[PDB]
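S.K.: As given, the protein sequences belong to chains A, B, C, D, E, F, G and H, one line each in that order.
Start counting the first sequence at -4; every next residue gets the next number (the working numbering).
Start counting the second sequence at 44; every next residue gets the next number (the working numbering).
Start counting the third sequence at 2; every next residue gets the next number (the working numbering).
Start counting the fourth sequence at -3; every next residue gets the next number (the working numbering).
Start counting the fifth sequence at 24; every next residue gets the next number (the working numbering).
Start counting the sixth sequence at 87; every next residue gets the next number (the working numbering).
Start counting the seventh sequence at 135; every next residue gets the next number (the working numbering).
Start counting the eighth sequence at 336; every next residue gets the next number (the working numbering).
From the three backbone atoms N, C-alpha and C, an ideal C-beta is built for every residue, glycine too.
So that we are looking at the same thing, I have put the structure below in structure tokens.
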Amino acid sequence: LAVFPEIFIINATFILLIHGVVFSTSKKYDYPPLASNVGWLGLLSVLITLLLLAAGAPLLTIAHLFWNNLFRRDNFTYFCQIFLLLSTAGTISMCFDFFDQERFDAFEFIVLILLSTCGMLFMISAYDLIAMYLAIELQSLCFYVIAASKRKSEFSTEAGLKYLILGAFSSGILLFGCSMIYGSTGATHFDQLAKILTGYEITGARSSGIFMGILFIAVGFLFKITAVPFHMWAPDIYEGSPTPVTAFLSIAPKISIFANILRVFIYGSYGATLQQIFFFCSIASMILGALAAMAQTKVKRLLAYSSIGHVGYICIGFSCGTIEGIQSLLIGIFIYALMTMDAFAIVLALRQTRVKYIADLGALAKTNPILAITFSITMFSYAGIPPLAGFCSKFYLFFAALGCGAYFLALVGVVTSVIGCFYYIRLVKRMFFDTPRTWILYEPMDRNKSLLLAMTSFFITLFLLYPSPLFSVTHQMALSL
Amino acid sequence: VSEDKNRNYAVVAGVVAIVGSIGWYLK
Amino acid sequence: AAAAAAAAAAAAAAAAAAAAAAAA
Amino acid sequence: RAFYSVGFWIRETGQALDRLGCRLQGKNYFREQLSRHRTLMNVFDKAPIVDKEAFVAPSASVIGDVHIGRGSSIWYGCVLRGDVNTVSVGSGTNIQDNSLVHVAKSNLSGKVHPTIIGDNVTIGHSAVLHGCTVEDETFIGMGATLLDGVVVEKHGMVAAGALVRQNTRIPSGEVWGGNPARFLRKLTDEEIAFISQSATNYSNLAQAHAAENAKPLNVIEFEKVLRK
Amino acid sequence: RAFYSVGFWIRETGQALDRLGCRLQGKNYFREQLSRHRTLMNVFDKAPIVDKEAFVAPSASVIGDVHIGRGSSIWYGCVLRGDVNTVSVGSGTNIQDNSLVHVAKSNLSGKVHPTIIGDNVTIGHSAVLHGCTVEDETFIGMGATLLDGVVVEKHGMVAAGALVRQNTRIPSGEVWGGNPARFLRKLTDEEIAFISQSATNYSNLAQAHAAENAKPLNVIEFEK
Amino acid sequence: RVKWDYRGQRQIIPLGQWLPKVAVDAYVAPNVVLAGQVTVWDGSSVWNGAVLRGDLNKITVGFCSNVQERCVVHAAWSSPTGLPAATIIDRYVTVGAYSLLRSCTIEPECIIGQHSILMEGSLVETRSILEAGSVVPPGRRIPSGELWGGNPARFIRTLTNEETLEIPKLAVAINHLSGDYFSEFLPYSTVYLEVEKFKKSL
Amino acid sequence: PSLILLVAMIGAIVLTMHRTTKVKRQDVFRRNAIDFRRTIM
Amino acid sequence: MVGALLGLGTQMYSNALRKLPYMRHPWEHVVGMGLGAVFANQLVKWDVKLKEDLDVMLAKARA
Ligand SMILES: [Zn+2]
């Protein structure tokens, strides 16, 4: 046993896939638009998976056969795997409206999202290089298809091709690293790998073959999370695709990759090389994002760059070896995810507006004044303004970084937060104080999208009154590795 | 004196799902 | 292509003469 | 089981009644959204013989003695109280919104003069034809107030908001206007061309307001407008 | 009012238990777009009061604080919309048609005052009386219009299309019939007889019109 | 044709893909008659009896732009002479009591006073107050900030900027009143209950 | 890899069906009641 | 509990984007959120129990 939570989502995907194709290819049902019927059913398939994974959390480690030769499930994986499904479900909740407006007959598009979640669930628990690569391939492959869903419009398909090549290269680079890592280790399991690589220290103890592999595996992961050293065309992918598909790739693959990153590198590899590369990436991502937030104008692209800047703050936790720092990274991932879902949902709130600049998004003070305050909260959360939940996560990242001793890295993060805040007050000024740009009038959304904002915006502000639970949850996960 | 065939099954299912929710706390 | 495919199903073979078998 | 859930219909009434137990802080909600409005005919002692093709708007309380011709409209919210003196409407006379085609009892000297409006008489919005006869193929102005015994001759448009005093029957083609009864000008022939054009277009436009008389099934079937 | 708001919530709370609670049983009856102007005497914390012998037409709304007395009438299409201050319509008046009597709310630019309509006042059609302390046995003309604070004194026969100006205390018996308010002529006595007899004319014509019924055959037709 | 339809009069009358969509927070008084293409916008207020019809062009009242009691707002067919004449009563315009409009394109922050008849192409410019009975002929562009009036639309006065600053306050005061009314109506109606009790009497 | 071959099948189908089957060969789709039918051009 | 108070606020200001006014029948779902607060606090006692164990399990594994 022990694979039942993953088995259910794979079975649920197959059952939805058979239901969608048989029904969609039905003259009797007049070839109906299954998407949105596959939806709701798809959202509850994730929710049933969430319950099964949570229910069997003590039972997850049922047998040595699964952990030693296939995948190992641990307390850290369970807490993040629960979050991964919740992140996936939250994205589906905002996405349902997009399915309704679009002529979505793509029942398969939901099955791809569930298949991606199954790949992501296998990715979090993957304990072998073969398993991690195969799981990464499935999650990315499902994602490649979602990017090219709007075939009639070349803008989505061309964006998909750049995402596909970046994905193929990232998987391929990681694969080459596995080959080199395999050559020295003689085994592909992370557990066997850790025994050979424990305290390898490429300066203290010679390890030419292992390092050659480690260099490739680390580089491949960075392309997947849109790290700035390998950001490449990844920011382009975010703006070119419509906002809802962009949201799904924005949070769920990134969270899965970050959780996979901590497991593959901290436990398996012990050299003074892995922490430093993230430290350089963190400084660069925040610097690139801060420059980009001022440089970028389109609201969708700006969100991607703000997300890239936040990704750098997340990277610092791995960069500082302290377990408290790894915990701080987890606090950041959760806050960034809630804000990223909230931010995409506010953009999704202005569904009526076609692609438009920030100035057009302004003038929301007179109309939808509460939404205007809600937009201000979303920008503030990435900005690092103190009352919001993001600052508390950043302060833990910074407090851990000061304890870790990363004064230079910590300072640039504060400086990048400072660089971001000026644009955010300017954006807040744009919303109410100035640049209304025509007094444009917006349209309503579904209750689920409003609740995504309601359950998140209140929580972002409520974090100050009761911040203890999240901090407790995050450290437990870091210690488990 | 009834609604469309199948709507009744869903209405019955909702009560059995809601009964389960109270029951889950109870048992 | 939405062109009408040649469905190879039909009614079973029953030799259909004209009504003038016996008495015109 | 379903359909016996009418208990929720009965439960709603308890709360639909809890408005009484909650209208105590001041005398509140004397309105109940009732049903009766003796409006679309409201026959006092004479009945309108309005045609089967003369679209009257369900707001238009065409009281008492009225007659409308084939193709003429009686638009939204226009009372026609033919209660004390006879009224009539020729084929094509589009008595537009908010009209007051209610006639008279008298005004200071007899002057019964049953209002008779000819064909193709495009009457304007908010017009008040209190007690004048109107001739064929003229275009009264939106906001006009046509007082007692003002025979508006043919093809003579009355201006927008143009109050016309008593007995000041305008000539043909003489565009009237002004708060006092004064003429304005003799515009052009294109004026009468557009008068006839607007008259026939308003006739077929009222023939396009057949959705006003649609049935519940047809209203909810139009609610398919979302899909298209 | 606070408890009025709570009442709106329980009625809404109840209305939902019927809207899809028991209507979902195959019933789209609540989905029909029936009119709501038939709330002739629309209400607030202040309510419209109307006596027995006062015909109100069903095509006409009477919103806000209203005090329709005896004999007064509100004919087809009129709107006595007087939320701010009471529309203290006196006795035996005769609005006669699509008129309007407003204390309609502005930003207190002129301190909107109640509209104390007098007695036997046979207001004509389309009159747009607006903050009008119009006194008794007065005539207002067809298509007319008035302005804030006006006091149309006794027997002041405002003419058709007229537009009386702000705060103008028109003298008792002076005929003002122009867009810039302007006295024209001391009214004659035959006009006095006409205005004092048209009062009871409509008083009887309004006690007539006998709406007070239902037309099921037409209801059965419009049902199909 | 039969008279006395139980339905009363549906206040939102679409025809041929043309739904006069009412934005929420727009108190559309129950007497009104929306038809064809009438896009009332946020915070607007269509008051008692005010008809708003629909032609080839489209009526549109703007943010906070009320159309007060008994005000007809129609639009001419195309009027392609100078500009497409689709009535656009833009933001904060207070179209006062018992006025009348047709194909005129009013500009932000006006006050179209009582009984003020209009006509085509009368682009009443921004921040413009019109006196009572403001009748306008086609094409008379009342300029900015200028009080007007008169039966042929004769100019009267330019306005001090304090009155211009007060116009938005009057628009939002009307909107406050509109919200006070919108709190008097519920999403659906209770008329159906009375109609069913009528039908069960049959 | 079984699931990866299945995802490759689903992908080659959803990508390169090219509107040549029920993806768009359902019908052109038309509704009469909403249709103007010469009332509106 | 405080969570029920939270689920009233979250139900309001929600659909405010839709400008829907005040609250409706599904809006009064603060009993469900009240349950969330009770579980969140309960999870923390278990999480803190486990968090102490995670430090002690680390020490037992460390030896
Ligand atoms: Zn009269």
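How would you write the range of the alpha helix (DSSP H) that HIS14 of chain A sits in, first residue to last?
M.R.: Here residue 14 of chain A is taken as the residue at index 19 of the first sequence, counted from 1. Unbroken alpha helix (DSSP H) run through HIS14 of chain A: -1 to 19.
S.K.: Kindly indicate which residue of E:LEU152, E:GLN48 and E:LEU43 has the alpha-carbon position closest to the one of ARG359 of chain H.
M.R.: Sequence index remark: in the eighth sequence, residue 359 of chain H carries index 24 (1-based). With distances taken between Cα atoms, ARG359 of chain H lies closest to E:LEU43.
S.K.: Could you name the residues, in chain order, whose CB is less than 5 Å away from a heavy atom belonging to ligand 1?
M.R.: D:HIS98 and E:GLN119
S.K.: In whole angstroms, give me the CA-to-CA distance for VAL54 of chain B and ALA(-2) of chain D.
M.R.: Within the second sequence, numbered from 1, the residue matching residue 54 of chain B stands at position 11. Within the fourth sequence, numbered from 1, the residue matching residue -2 of chain D stands at position 2. C-alpha separation (whole angstroms): 8 Å.
S.K.: Given a limit of 9 Å on CB to CB distance, which residues of the stretch 361 to 374 of chain A reach chain F?
M.R.: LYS361, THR362 and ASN363
S.K.: Give me the Cβ distance between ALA202 of chain D and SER69 of chain D, rounded to the nearest whole Å; I'm assuming they're in contact under 8 Å.
M.R.: On the fourth sequence, position 206 is the one that residue 202 of chain D refers to. On the fourth sequence, position 73 is the one that residue 69 of chain D refers to. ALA202 of chain D to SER69 of chain D, Cβ: 3 Å. Contact.
S.K.: Please name the residue or residues paired with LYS209 of chain E in a DSSP beta bridge.
M.R.: For this step, residue 209 of chain E is matched to residue 186 along the fifth sequence. According to DSSP, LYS209 of chain E bridges with E:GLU197.
S.K.: Go through its chain and collect everything with a Cβ distance to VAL140 of chain A's Cβ below 6 Å, but skip five positions before and after it.
M.R.: As a position in the first sequence, residue 140 of chain A is number 145, starting the count at 1. Only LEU107 meet the Cβ criterion.
S.K.: Since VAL137 of chain F meets chain D, which of its residues come closer than 7 Å, beta carbon to beta carbon?
M.R.: The residue labelled residue 137 of chain F in the question sits at position 51 within the sixth sequence. By Cβ distance, chain D contributes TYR72, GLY73, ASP93 and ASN94.
S.K.: Taking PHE170 of chain G as the reference, which of F:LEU216, F:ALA115 and F:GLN103 has the closest Cα?
M.R.: Numbered from 1 along the seventh sequence, position 36 holds the residue referred to as residue 170 of chain G. Residue F:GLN103 is the option with its Cα nearest to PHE170 of chain G.
S.K.: Chain F partners of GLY10 of chain D, CB-CB under 7 Å?
M.R.: Your numbering for residue 10 of chain D matches position 14 in the fourth sequence. In chain F, no part has a C-beta under 7 Å from the C-beta of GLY10 of chain D; the shortest such distance is about 13 Å.
S.K.: Could you work out which residue in D:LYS150, D:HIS33 and D:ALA156 is closest to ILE166 of chain D when comparing CA atoms only?
M.R.: The residue given as residue 166 of chain D occupies position 170 in the fourth sequence. Of the residues D:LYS150, D:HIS33 and D:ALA156, the one whose Cα lies closest to the Cα of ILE166 of chain D is D:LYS150.
S.K.: By how many angstroms is the C-alpha of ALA237 of chain E removed from the C-alpha of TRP5 of chain D?
M.R.: Looking up residue 5 of chain D in the fourth sequence gives position 9. Looking up residue 237 of chain E in the fifth sequence gives position 214. Cα to Cα, the separation comes out at about 26 Å.
S.K.: Check the DSSP bridge columns for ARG(-3) of chain D and list the partner residues they point to.
M.R.: Counting from one through the fourth sequence, the residue named residue -3 of chain D turns up at place 1. In the DSSP output, where bridge partners are listed per residue, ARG(-3) of chain D has none listed.
S.K.: Starting from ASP79 of chain D, find everything on chain E with Cβ-Cβ shorter than 7 Å and list it in chain order.
M.R.: In the fourth sequence, counting from the first residue as 1, residue 79 of chain D sits at position 83. Correct list: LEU228.
S.K.: Check whether the stretch 121 to 133 of chain F touches the stretch 228 to 239 of chain F, taking contact to mean three or more Cβ pairs, one atom from each stretch, closer than 8 Å.
M.R.: Using a Cβ-Cβ distance cut-off of 8 Å, the stretch 121 to 133 of chain F and the stretch 228 to 239 of chain F are not in contact, since fewer than three pairs of beta carbons, one from each stretch, lie closer than that value.
S.K.: Would the beta-carbon of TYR300 of chain A fall within 9 Å of that of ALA279 of chain A?
M.R.: Numbered from 1 along the first sequence, position 305 holds the residue referred to as residue 300 of chain A. Numbered from 1 along the first sequence, position 284 holds the residue referred to as residue 279 of chain A. Result no, Cβ atoms of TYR300 of chain A and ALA279 of chain A do not sit closer than 9 Å.
S.K.: Do you know whose CA, among E:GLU244, E:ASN202 and E:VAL198, lies nearest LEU169 of chain E's CA?
M.R.: Position 146 of the fifth sequence, counted from the start, is the residue given in the question as residue 169 of chain E. Just measuring C-alpha positions, the residue of E:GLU244, E:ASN202 and E:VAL198 sitting nearest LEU169 of chain E is E:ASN202.
S.K.: Alpha carbon to alpha carbon, how far is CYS90 of chain A from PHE150 of chain A? Give it in angstroms, no decimals.
M.R.: Indexing the first sequence from 1 puts residue 150 of chain A at position 155. Indexing the first sequence from 1 puts residue 90 of chain A at position 95. In a straight line, the C-alpha of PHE150 of chain A is about 19 Å away from that of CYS90 of chain A.
S.K.: Quick check on the burial criterion: 16 or more other C-beta atoms within 10 angstroms. Buried or exposed for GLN123 of chain F?
M.R.: Your numbering for residue 123 of chain F matches position 37 in the sixth sequence. Buried, since its Cβ has 16 or more Cβ neighbours within 10 Å.
S.K.: Among the residues of its own chain, which have a CB less than 8 Å from the CB of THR193 of chain A, if the five just before and after it don't count?
M.R.: If you number the first sequence from 1, residue 193 of chain A lands on position 198. The residues are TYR265.
S.K.: Beta-carbon within less than 8 Å of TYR52 of chain E's beta-carbon, same chain only, minus the 5 sequence neighbours each way: which residues are those?
M.R.: Locating residue 52 of chain E in the fifth sequence gives position 29, counting from the first residue. Correct list, in chain order: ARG46.
S.K.: Could you pull out every residue in the same chain whose Cβ sits closer than 7 Å to the Cβ of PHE104 of chain A, ignoring the five residues on either side in sequence?
M.R.: By one-based count along the first sequence, residue 104 of chain A stands at place 109. Closer than 7 Å at the Cβ level, and outside the excluded window around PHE104 of chain A, lie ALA30, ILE141 and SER144.
S.K.: Please give the ranges of any beta strand (DSSP E) in the stretch 73 to 154 of chain D, keeping only runs that are unbroken, at least 3 residues long and fully inside the region.
M.R.: Fully enclosed beta strand (DSSP E) runs of no fewer than 3 residues occupy 83 to 85 and 111 to 113 of the stretch 73 to 154 of chain D, in order along the chain.
S.K.: Going by other Cβ atoms of all chains shown within 10 Å of its Cβ, with 16 needed for buried, is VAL58 of chain B buried or exposed?
M.R.: Within the second sequence, the letter at position 15 stands for residue 58 of chain B. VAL58 of chain B comes out exposed.
S.K.: For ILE64 of chain D, which three-state DSSP category applies?
M.R.: Position 68 of the fourth sequence, counted from the start, is the residue given in the question as residue 64 of chain D. Here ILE64 of chain D sits in strand by DSSP.
S.K.: I'd like to know whether the C-beta atoms of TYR27 of chain E and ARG77 of chain D end up nearer to each other than 9 Å.
M.R.: For this step, residue 27 of chain E is matched to residue 4 along the fifth sequence. For this step, residue 77 of chain D is matched to residue 81 along the fourth sequence. No, these two residues do not count as a Cβ contact at 9 Å.
S.K.: Counting only beta-carbon separations shorter than 9 Å, does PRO361 of chain H have a partner in chain J?
M.R.: Looking for chain J here will not work: the only protein chains present are A, B, C, D, E, F, G and H.
S.K.: Three or more C-beta pairs under 8 Å: does that hold for the stretch 87 to 102 of chain A against the stretch 247 to 257 of chain A?
M.R.: no
S.K.: Under 9 Å between C-beta atoms, does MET358 of chain H make it to chain E?
M.R.: Your numbering for residue 358 of chain H matches position 23 in the eighth sequence. Answer yes: the Cβ-Cβ gap between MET358 of chain H and chain E drops below 9 Å somewhere.
S.K.: In whole angstroms, give me the CA-to-CA distance for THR223 of chain E and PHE179 of chain D.
M.R.: Against the fifth sequence, residue 223 of chain E aligns to sequence position 200. Against the fourth sequence, residue 179 of chain D aligns to sequence position 183. Taking the straight line joining both Cα atoms gives about 37 Å.
S.K.: Under 9 Å, Cβ to Cβ, is there at least one residue of chain H near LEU40 of chain E?
M.R.: Within the fifth sequence, numbered from 1, the residue matching residue 40 of chain E stands at position 17. Chain H contact via Cβ: present.
S.K.: In chain order, what residues of the same chain have a beta carbon less than 7 Å from the beta carbon of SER452 of chain A, not counting five sequence neighbours either side?
M.R.: By one-based count along the first sequence, residue 452 of chain A stands at place 457. Only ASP337, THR369 and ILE372 meet the Cβ criterion.
S.K.: Can you tell me the Cβ-Cβ gap for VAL223 of chain A and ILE303 of chain A, rounded? I've got them flagged as a contact below 8 Å.
M.R.: Position 228 of the first sequence, counted from the start, is the residue given in the question as residue 223 of chain A. Position 308 of the first sequence, counted from the start, is the residue given in the question as residue 303 of chain A. Going by Cβ atoms, the distance from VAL223 of chain A to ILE303 of chain A rounds to 7 Å, so yes, they are a contact pair.
S.K.: DSSP three-state call for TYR52 of chain B: helix, strand or coil?
M.R.: Translated into positions along the second sequence, residue 52 of chain B becomes position 9. Looking at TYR52 of chain B - three-state DSSP - the assignment turns out to be helix.
S.K.: Where in the stretch 356 to 387 of chain H do unbroken runs of the alpha helix (DSSP H), each at least 4 residues long, occur, reported from the N-terminal end onward?
M.R.: none
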